[PDB]
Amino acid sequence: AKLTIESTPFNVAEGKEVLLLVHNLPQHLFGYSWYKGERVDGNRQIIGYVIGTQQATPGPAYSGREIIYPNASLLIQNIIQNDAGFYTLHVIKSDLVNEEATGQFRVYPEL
C-alpha cells in the first residue's frame, strides 16, 4: 500500500537502460521530484515534473539521459558505473502530505 520503487533490471549493463518503476502512487498529485541518493536534497536533484502542464525541468544532477513517465517512473539510458546507487522520489501533493520512496540499482561492464 506504501509508495515503492523497483528497478528493472536490478543489475544493469554499461551502455544499457534501467527503469525505476513506481508502485502505489497516491492521489491528489501535483508532481514529482527525483534525486540521486537516499534523501530529498536539492543539491542532488535530477529532475522535477509537473503533472498538469507536463513540464520537466532539470535539477543539478540532471544528465540528459533521463525520461520521466506520467506515473512517476524514471528511465535512465546509456548507463555508466557512476549511475549505480540509490535514487529517491518525492511525490508532491496538494494537501502537502508528501510521500517519499527510495530504490537502487547496480551496474556492470560488458565484454
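Numbering starts at 1 and follows the sequence shown.
Item checked: Average Cα temperature factor in the PDB entry - higher stretch of 87-95, 8-16 -> Mean C-alpha B-factor is greater for 8-16.
Notebook entry, point to check: Taking only the CA atoms, which stretch has the higher mean B-factor in the record, 77-85 or 64-72?
Noted result: Result: 77-85.
Check: Hey, what third does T57 fall into on Cα B-factor, ranked over its chain?
Finding: Within its chain, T57 is a middle-third residue by C-alpha B-factor, going by the deposited values.
Next item on the list: Name the third of the chain's ranked CA B-factors that contains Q27, choosing lowest, middle or highest.
Entry: As the PDB entry reports it, the C-alpha B-factor of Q27 lands in the highest third of its chain.
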